[PDB]
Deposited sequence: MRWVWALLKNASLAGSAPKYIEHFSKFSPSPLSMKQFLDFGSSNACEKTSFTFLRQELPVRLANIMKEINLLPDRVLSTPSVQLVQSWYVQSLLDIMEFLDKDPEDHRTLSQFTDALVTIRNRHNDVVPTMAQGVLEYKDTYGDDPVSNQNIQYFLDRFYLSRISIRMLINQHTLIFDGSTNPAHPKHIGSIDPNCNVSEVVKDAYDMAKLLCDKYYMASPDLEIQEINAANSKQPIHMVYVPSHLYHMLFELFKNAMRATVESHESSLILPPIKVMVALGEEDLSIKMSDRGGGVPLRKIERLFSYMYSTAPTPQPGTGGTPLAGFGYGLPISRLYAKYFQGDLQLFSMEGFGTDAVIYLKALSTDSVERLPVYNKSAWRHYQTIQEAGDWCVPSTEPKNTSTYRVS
């Protein structure tokens, strides 16, 4: 077959980041335009990450975990190749494409738990030294980022071509709302497994406008994933740190709108982490092994979601007291451009 050639060809191209502007504009008339873009762009992006996978050392490459996903990405690449010469003006060519994208979405779901298994085999088969950890961290952050960028495109298509929301984007996303729901659901799982649960104090700061509710252009699902992961972490720590005592501090959130950053601090009084152990929480390796630990996207993955549109997600803590966690986003849709790894 052709995978390596197909790959080697498309990895000459550089992926094309989009802004929310461009994403929004694809959703006003335009189906066949989305198509001619994506049949080009998906192979580029697929190929680039496939090129980097195949540069991994053979002792990783050859693990069952990796070989399995290398297999998935190959099918997907090809599935989308089929369409490179099909004719855009055919109201049926466009339709078996969309089916084709969904079929590809389903293949790819179990990718997280699969890589973990590779991470795990690697830890027990070669070790957990710091130099290993840098390589794994390096490669997963890129891989997982790439993968998020592909999902973004695919959902954008399938969701539009099956007013208000434009696919997965909400041009009038109400940050407070997303916060309250992540909390209510976290609260739910907390009340179940613990039989106490912190309250929530939201506070807003709209610097420019004094007192408007804080709205933004974003992908609310991403922001929900992020907030959820954090609330879960805060609740666990708050609740267990105070089993012996009665009084249970709330989790406070502040949501601050400046001239370029829209930021979201979440503060717990859960007893905190010593500075030395904090980088650990972001490491795929030091955090994989075999109560409400089964829920949520992971801390490293939450952070990628923020980096994905030029944000970040940082933790800082005070041992003996508790932890702040902050999500940094771009206030301006203009500055919200995809972040993508290269070659």
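A.B. asks: Hey, which stretches of the deposited sequence didn't make it into the model?
C.D. replies: Coordinates drop out over 1-14, 43-44, 179-185, 314-322, 376-408.
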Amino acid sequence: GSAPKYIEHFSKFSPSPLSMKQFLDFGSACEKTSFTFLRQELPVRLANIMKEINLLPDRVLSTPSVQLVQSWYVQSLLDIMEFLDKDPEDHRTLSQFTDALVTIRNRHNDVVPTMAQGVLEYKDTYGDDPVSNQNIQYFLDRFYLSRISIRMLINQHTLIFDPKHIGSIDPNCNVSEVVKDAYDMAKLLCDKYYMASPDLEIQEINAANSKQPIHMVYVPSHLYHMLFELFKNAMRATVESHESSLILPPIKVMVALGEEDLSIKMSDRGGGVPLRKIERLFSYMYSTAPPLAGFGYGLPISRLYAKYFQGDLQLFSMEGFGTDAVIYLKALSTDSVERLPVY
From here on, numbers count along this sequence of modelled residues.
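Rigid core here is just the name for the largest C-alpha set that superposes within 1.5 Å across the two forms.
A.B. asks: On a core superposition, give the stretch, 110-118 or 164-172, with the larger average C-alpha separation from this form in 8 other deposited structures of this protein (RMS over structures and residues).
C.D. replies: It is 110-118 that deviates more in 8 other deposited structures of this protein.
A.B. asks: Fit on the core, then compare CA atoms: does 17-25 or 324-332 lie farther from this form in 8 other deposited structures of this protein?
C.D. replies: Per-stretch check in 8 other deposited structures of this protein: the more divergent one is 17-25.
A.B. asks: If you look at the other compared entries where the surrounding residues are built, does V44 lack coordinates in a third or more?
C.D. replies: Looking at the other entries that model residues on either side of it, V44 is present in every one.
A.B. asks: Please confirm whether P300, modelled here, goes without coordinates in at least one third of the other compared entries that cover both its neighbours.
C.D. replies: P300: modelled in all of the comparison entries.
A.B. asks: Out of 251-259 and 85-93, which one has CA B-factors that are higher on average in the deposited record?
C.D. replies: The stretch with the larger mean CA B-factor is 85-93.
A.B. asks: If you average the Cα B factors in the entry, which is higher, 291-299 or 38-46?
C.D. replies: Per the deposited B-factors, the answer is 291-299.
A.B. asks: Could you check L227, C190, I264, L77 and tell me which one carries the biggest Cα B-factor in the deposited entry?
C.D. replies: Top of the list by C-alpha B-factor: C190.
A.B. asks: In the PDB entry, which of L304, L55, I278, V69 has its C-alpha at the highest B-factor?
C.D. replies: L55 has the highest C-alpha B-factor of those listed.
A.B. asks: Comparing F309 with the other modelled residues of its chain, is its CA B-factor in the lowest, middle or highest third?
C.D. replies: CA B-factor rank for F309: lowest third.
A.B. asks: Would you check the entry's CA temperature factor for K232 and let me know if it's in the chain's lowest, middle or highest third?
C.D. replies: Lowest third - that is where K232 ends up once the chain's C-alpha B-factors are sorted.
A.B. asks: For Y73, return the chain-relative third of its C-alpha B-factor as stated in the PDB record: lowest, middle or highest.
C.D. replies: Its C-alpha B-factor, which the entry lists for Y73, ranks in the middle third among residues of this chain.
A.B. asks: Sorting the chain's modelled residues by C-alpha B-factor, tell me whether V131 ends up in the lowest, middle or highest third.
C.D. replies: It belongs to the highest third of the chain when residues are ordered by C-alpha B-factor.
A.B. asks: If you rank every modelled residue in this chain by C-alpha B factor, which third holds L340: lowest, middle or highest?
C.D. replies: It falls in the bottom third of the chain.
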